[PDB]
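Next comes just one chain, in structure tokens: the form deposited in one PDB entry.
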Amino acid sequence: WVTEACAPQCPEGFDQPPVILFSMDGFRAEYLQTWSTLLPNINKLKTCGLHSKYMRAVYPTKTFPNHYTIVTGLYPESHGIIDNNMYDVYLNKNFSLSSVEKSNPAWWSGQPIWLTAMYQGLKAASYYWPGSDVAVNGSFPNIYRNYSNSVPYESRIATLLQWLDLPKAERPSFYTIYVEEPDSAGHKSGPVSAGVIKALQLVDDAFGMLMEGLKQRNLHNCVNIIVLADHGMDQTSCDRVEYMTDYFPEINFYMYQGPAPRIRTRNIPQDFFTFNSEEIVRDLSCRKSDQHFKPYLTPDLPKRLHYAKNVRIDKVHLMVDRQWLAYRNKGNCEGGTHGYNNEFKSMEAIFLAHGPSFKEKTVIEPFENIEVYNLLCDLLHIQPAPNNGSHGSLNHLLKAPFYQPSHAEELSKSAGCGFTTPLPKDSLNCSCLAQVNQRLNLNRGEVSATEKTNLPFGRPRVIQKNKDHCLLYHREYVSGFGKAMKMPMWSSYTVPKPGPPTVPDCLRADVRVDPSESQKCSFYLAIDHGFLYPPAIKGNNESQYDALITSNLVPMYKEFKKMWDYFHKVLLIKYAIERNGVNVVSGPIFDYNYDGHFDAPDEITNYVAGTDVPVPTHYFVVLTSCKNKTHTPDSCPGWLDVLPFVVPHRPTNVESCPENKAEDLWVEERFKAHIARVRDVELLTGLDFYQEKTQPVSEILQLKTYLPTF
């Protein structure tokens, strides 16, 4: 097989191509980029088949949360396996890989691919995979093996080939095979070591035995084989360890130590909810200038991580820096580990695919492991269970896609807010000491002109039932006003390539918006008002008046407004120069229950004092330009370049530690730490973007799932 050149070529009885999901634990993307030529079997798969630059794992980058994510398409908060070691307060049980509780189905939520195949008339086999030796939803796969880590790889491969030799009626359609290396070697001596080289060659021989076994059965060009990893590997040192004793004079709490720490009470289940979580994060915040970890309350963690909505995820969390560790006390730390931020290059996992359904000799852009489940369903010709993947985003991997995606259906239509009188019925206790409202009255030609410039990819669609809203048109921007919350859901504007300050003490009522559906300036006097669209970004002094209205007002904390004003005055201009103009879509996010979805009116717990106007938990800023920098965002036919942000709307800037530090040293870093996907913004707002962009839905889904890295 290895000496043979590159290639459904299926034999008798094989009507549909079988699927083999091979996992090599801790096989980082870096190993494939550097040591490929040392691994002849994996290098042939890299040359002949399809492979991604890297595959992004889920946070924490651990074995059990990631392996269960690949087979369910769910974030650990949804499937329940948030760590290899965890505690459930309601069950009052401890989960560990050594305990009998690992076999307890009460911990395993969602629907793994082996169950989905069995429920839809197909047989599924498994030679190791977290959850496959567990009766998930009262059922085990057709053929499974109870975990035994030391069984030689040659035996694992031979048993898998015996399953493929079974008669058509007994023979499974889906297979999973798991291997411990190069993770074990990575933990012992680190990612760049001789032990890792030996472990990589060991997994190459194991994969070689499988491919040679398939070659003998003439299934080498029939089977749709996927070779991936759960996470990556990074180097650790005992000199690179942070101790909690250096921050607390007496530790009375329990800590899940390592690269992704969690802090809870010792007295469980009695004091679990009464435990002062905010006191612990406060006592660990900005303690030292060179602190190698960042304490967070789970709702304050970057939203792209999706690591909060589960009782097993303790409120106190620590974001540990690259190559560092966090322990309770000095007491292992040598070699290497994983569990860190999934954005870190060292945590990136491999992804390779070969078969008749996959594209030959293709290098695909990086993607997330939450997307694998829908792809597995497509290969198996089965309907996927509700997951967090975007069905159709991985269609560019398949020769002939099984599923065809479509744009999300708008559940609410725009109505009202038409220009009637240029005089306001209610002043709304607003004042401008400096007829101008005629600029707000746009004709069909003027409306089409602002739609062409400020809405080049079409208006964001409202994917919310009974959401009373209207579209407000201006010469420099277009906004979608949410009537019930008295503020806009989104504000869209295309800043041109640049080559003035905001008008002070001037604010008036919007003549188009009804007084009962608009904010009053007196509401903020009794947290201050902020402008969603920056009034001074486009046009001149007279152009500013179109933005110095009540409909452009959003509730903002004084400390958050410092980051917001700096971003639109300094950072936004810098980005507009770099990408030859930029289309900006900004708006509020309400997620008080921290489920990663837009809040219902009854879910919002904080409002502006004495009023029904809600306080946003986050603010989104989606920057869209074109890949080809010769064209502007408003006039471009090709692929787009996106940079979305989901910045938490917090009363303090404690997350940045900005004491005695100028805004040019911490604002950009804070925005960069809260970068998300367009899909993350879409889930948190109940909006759908780029529906009028002339491109297939599968291609737009790639842009929506894309995560910009720095």
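Start at 1 and count along the sequence shown; that's the residue number. Just so we're on the same page, rigid core means the largest C-alpha set that superposes within 1.5 Å between forms.
There is another form of the same protein, the form deposited in another entry; it is not shown, and what comes next is about it.
Measuring CA movement between the shown form and the other one with the rigid core aligned, the set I313, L115, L202, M255 has one residue at 2 Å or more: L202.
Once both forms are fitted on their rigid core, the CA atom of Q270 lies less than 2 Å apart between the shown form and the other one. In this overlay on the rigid core, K361 has a C-alpha that sits less than 2 Å away from its partner position between the shown form and the other one. Here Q216 counts as shifted, since its C-alpha moves by at least 2 Å between the shown form and the other one after the core is aligned.
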